[PDB]
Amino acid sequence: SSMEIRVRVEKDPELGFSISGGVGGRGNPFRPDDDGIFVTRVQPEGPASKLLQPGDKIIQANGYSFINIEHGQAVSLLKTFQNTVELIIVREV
């Protein structure tokens, strides 16, 4: 059902998706009872278009856990990597 998937997104020039959630992020459109970070929109031309989909829950980025992370911390981390972000996501498959 749920699986942990690894994808690597190349910045071009950013990752090309949006996130909602996080501790203090006011929730997410998918699992309201989950504090986690969720992919919310994916740019169709962008570097994440073949890799991520709305609803994916990011649990790790370049080795950093996204479990029990604040919205702003999650955003800043993703933005501060210059070139590539290896993500572990949880997806309903």
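We call the rigid core the largest set of C-alpha positions that still match within 1.5 Å between the two forms. We number the residues from 1 along the sequence you see.
Peer 1: Just give me the stretch that moves more in 4 other deposited structures of this protein: 24-32 or 37-45, judged by RMS C-alpha distance after a core fit.
Peer 2: Relative to the shown form, the greater RMS C-alpha distance in 4 other deposited structures of this protein belongs to 24-32.
Peer 1: Using only C-alpha atoms and the B-factors in the entry, which stretch averages higher, 32-40 or 50-58?
Peer 2: Higher of the two, by average CA B-factor, is 32-40.
Peer 1: Mean Cα B factor from the PDB record: higher for 59-67, or higher for 23-31?
Peer 2: Going by the record's values, the stretch with the higher mean is 23-31.
Peer 1: Is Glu86 in the lowest, middle or highest third of its chain when residues are ranked by C-alpha B-factor?
Peer 2: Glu86: CA B-factor falls in the lowest third of its chain.
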